[PDB]
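Structural overview for review
What follows is each chain in one-letter form.
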Amino acid sequence: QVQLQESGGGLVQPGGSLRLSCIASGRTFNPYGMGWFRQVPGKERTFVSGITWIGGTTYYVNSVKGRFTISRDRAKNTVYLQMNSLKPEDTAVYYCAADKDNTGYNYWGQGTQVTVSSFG
Amino acid sequence: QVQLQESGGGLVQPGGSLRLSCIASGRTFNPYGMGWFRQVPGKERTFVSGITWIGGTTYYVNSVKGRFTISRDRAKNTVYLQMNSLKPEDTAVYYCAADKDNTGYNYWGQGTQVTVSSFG
Amino acid sequence: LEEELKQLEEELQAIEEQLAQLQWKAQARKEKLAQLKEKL
Amino acid sequence: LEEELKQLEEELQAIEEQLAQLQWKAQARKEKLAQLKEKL
């Protein structure tokens, strides 16, 4: 009963930056946390970063430590991913996620493409 | 091509102890680690304890910390679980496991029943 | 060798990604339990 | 309340069991990578 809508993807050169956003709306919503996942063709979605909803405690996978920063705003039910120092290997569809119950499945958005391509 | 065979289960009063063993045999076998899982009827197997094969580093779930101890012997390809201070809620089939590759599935034995029942 | 180390590193990093995901989920619930504790 | 805290604690402990399992698997591979490093 809750919809998640991303924004902020695009195409950058290596070394560039992007800021992803995600807003949750619909029925009143108070998740355990929100986070970001990424997916390349033919592979499953992999965790990138998460933030706990109450405390704002952050988690990052080793490949983005020191380059990506996650944050959230409870007033607007919005989570953000600031992606700096982007590398070609970061190219993926980035998906927003909400940890809402104990079914083991998160609620997801529809993904935003992130392309990091060295043009010259 | 490797078979895992447990031993050591039984029926104890609360406060009692049991020592589980598990021997691996067959084709030459050098796992990443071995461990113990438990299962109650109608539920999935849950992790109990694990030990890394090279280093002997141990891991325990919170409900058995300070009561259970895992160990292994590379010479005999055998893993052990010393279970002290047993409680009725520890009643389960205990299964031995080998982390052998990167398929996400471990190799398992056939389980040993552990019953902790207060008789009086 | 080179390829064994590189590939095993990739497999380790996949497990580490799942590990971080579970850490996130676990901490989120711990914080909820603390908040409910304050309501009592 | 009582039941909310008890049930959420149980769900946390299930995640924590899976977390420990992944820690075990991750450390085991780290040790293998160290051993292969010594062979070079």
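Residues numbered from 1 in each chain as written, not as in the entry; some residues may be left out. Chains lettered and ligands numbered in written order. Heavy atoms only, no water. Residues with missing side-chain atoms left out of burial classes, pairs and counts.

What the entry reports as its method is X-ray crystallography, with 1.5470 Å given for the resolution.

In the nomenclature of the PDB entry, chain C corresponds to APH colied-coil from the organism synthetic construct.

Taking the PDB entry as the reference, chain A is identified by name as Nanobody 49 belonging to Lama glama.

1. Topic: the relation of the copies chain D and chain C
In this arrangement, two copies of a chain are superimposed by a rotation about an axis accompanied by a shift along the axis. The condition that has to hold: Least squares on the C-alpha atoms defines how the copies are superposed. Note on contacts: a residue pair is in contact if any heavy atoms of the two residues lie within 4.5 Å.
Taken as rigid bodies, chain D and chain C are interconverted by a rotation of 180 degrees and an axial shift of 0.0 Å, the fit giving an RMSD of 0.0 Å. With respect to symmetry, the two chain copies, as superposed, fit the operation of a two-fold axis. In terms of proximity to the rotation axis, the leading residue of chain D is D:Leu19, whose C-alpha is 3.0 Å off the axis. Here 100% of the interface residues in chain D have copies in chain C that are interface residues too; the copies meet face to matching face.

2. Here we look at the pairing of strand 8 (residues 78–83) of chain A
All names here are of chain A. Note the following rule: At least two DSSP bridges between two strands are required for those strands to pair. Comment: elements are numbered from the N terminus, with helices defined as DSSP H or I runs of at least four residues and strands as E runs of at least two.
Bridge count for strand 3 (residues 18–26) against strand 8 is six bridges, and the pairing is antiparallel. Bridging from a neighbouring strand, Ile 23 pairs with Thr 78 of strand 8. If you look at the hairpin formed by strand 7 (residues 68–73) and strand 8, you'll find four residues sitting between the two strands, and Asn 77 has a positive phi there, around 55 degrees.

3. Considerations on the arrangement of the chains
For the five pairs of chains in contact, the largest share of contacts goes to chains C and D. There is a clear gap between chain A and chain B: no contact, and 14 Å between their nearest C-alpha atoms.

4. Re the packing of helix 1 (residues 2–39) of chain C against helix 1 (residues 2–39) of chain D
Working note: a packed helix pair is described by the angle between its axes plus the distance between those axes. Cut-off, in case you're wondering: Here an angle of 0 to 180 degrees is reported between the N-to-C directions of two axes, which are lines fitted to C-alpha atoms, with helices fitted over the stretch in contact. Note on terminology: angles under 35 degrees are roughly parallel, angles over 145 are roughly antiparallel, angles of 65 to 115 are roughly perpendicular, and the others are oblique. We call a crossing left-handed when the near helix sits turned anticlockwise from the far one by less than a right angle, and right-handed when that turn is clockwise.
Direction vectors running N to C along helix 1 of chain C and helix 1 of chain D enclose 155 degrees, while the axes themselves pass 8 Å from each other. Here helix 1 of chain D runs roughly antiparallel to helix 1 of chain C, going by the angle between their axes. Handedness of the crossing formed by helix 1 of chain C with helix 1 of chain D: left-handed.

5. Focus: the state of the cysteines
All names here are of chain B. Condition: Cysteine sulfur atoms that come within 2.5 Å of each other are treated as a disulfide pair. Whether a residue is buried, partly exposed or exposed follows from its accessible area with a 1.4 Å probe, protein chains only, as a fraction of its type maximum: under 20%, in between, or over 50%, in that order.
Evaluation of the coordinates by the stated rule reveals two disulfides over all chains. Disulfide partner of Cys 22: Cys 96, at an S-S distance of 2.2 Å. Between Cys 22 and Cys 96, the S-S dihedral sits near -70 degrees, and the bridge is therefore left-handed. Separated by 74 residues along the polypeptide, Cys 22 in strand 3 (residues 18–26) and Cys 96 in strand 9 (residues 92–99) bring together distant segments of the chain. When its relative accessible area of 0% is taken as the criterion, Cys 96 is described as buried.

6. What about the packing of aromatic side chains?
Put simply, the rule is: When the centres of two rings from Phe, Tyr and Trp lie within 6.5 Å, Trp using its six-membered ring, the rings pair. Their planes under 30 degrees apart give stacked, over 60 give edge-to-face, and anything left gives tilted. Look at NZ for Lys and CZ for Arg. If either is within 6 Å of the ring centre and within 35 degrees of the ring normal, a charge sits over the ring.
Summed over all chains, the structure comprises 10 aromatic pairs over all chains. Between A:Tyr95 and A:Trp108 the ring centres are 6.5 Å apart and the planes differ by 85 degrees, which places this aromatic pair in the edge-to-face class. In this pair, A:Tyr95 sits in strand 9 (residues 92–99) while A:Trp108 sits in strand 10 (residues 107–108), placing the two residues 13 residues apart along the sequence. Among the residues examined, A:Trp108 registers a relative accessible area of 27% and is labelled partly exposed. Chaining the aromatic ring pairs together yields one cluster made of A:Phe37, A:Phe47, A:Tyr95, A:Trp108 and C:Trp24. Directly above the aromatic system of A:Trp53 lies the positively charged group of A:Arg72, at a separation of 5.9 Å from the ring centroid. Sitting above the plane of the B:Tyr95 ring, B:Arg45 keeps its charged end 3.7 Å from the centroid.

7. Section: the sheet that holds strand 7 (residues 68–73) of chain B
All names here are of chain B. Pairing in this open sheet of four strands is antiparallel, and the strands run 1-3-8-7 from one edge to the other. Two strands bound the open sheet, and with one partner strand each, they are strand 1 (2–7) and strand 7. Between one strand axis and the next, the sheet turns through 15 degrees on average, direction left out of account.

8. Overview of the pairing of strand 3 of chain A
Across six bridges, the pairing between strand 1 (residues 2–7) of chain A and strand 3 of chain A is antiparallel. Looking at strand 3 of chain A, one finds that A:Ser7 is bridged to A:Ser21.

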